[PDB]
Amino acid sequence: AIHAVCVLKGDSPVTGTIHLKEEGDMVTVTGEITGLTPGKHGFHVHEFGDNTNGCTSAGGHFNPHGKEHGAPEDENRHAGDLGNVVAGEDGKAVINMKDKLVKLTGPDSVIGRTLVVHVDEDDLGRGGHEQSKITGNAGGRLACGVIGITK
């Protein structure tokens, strides 16, 4: 099974470590993000593992299939669309999801790409804003990291 990891940092107090592994036919994503305002924050794979300009140089959502932005359960979603993480009142969000479009091998591998956690909630394409079908209108980028191979 391939294993990957991602250490998130950015222009905010938000930190955390995300683990990714192949498990059966999906990828299991786990970890904790801290320093968040309570509530939902968008969380996606972005196309580029490029930290030359903070989290901005990560580019847009990873979208090898040319779909609109959606919810993780949708067919019409970016490969990178992992929805929201939910921070508790203490500012900490925990992840434990299984995804069928995130890959750690093959043409749609996310190795060397970026995870981003956002300022605002991801509206899952349904918020009625110009950015809804692009980004989920999730606003700016609190923290990000390049997805790397681990043991």
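All residue numbers refer to positions in the sequence shown, first residue = 1.
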**Message:** Tell me which stretch has the larger mean Cα B-factor in this entry, 116-124 or 100-108.
**Reply:** 100-108
**Request:** Would you mind comparing 22-30 and 54-62 for me and telling me which has the higher average C-alpha temperature factor in the entry?
**Result:** 22-30
**Message:** Where does the C-alpha B-factor of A1 rank in its chain, lowest, middle or highest third?
**Reply:** highest
**Message:** Which third, lowest, middle or highest, does the C-alpha temperature factor of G10 belong to within its own chain?
**Reply:** highest
**Request:** Within this chain's modelled residues, let me know which third the CA B factor of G136 belongs to: lowest, middle or highest.
**Result:** lowest
**Asked** Would the CA B-factor of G35 place it in the lowest, middle or highest third of its chain?
**Response** highest
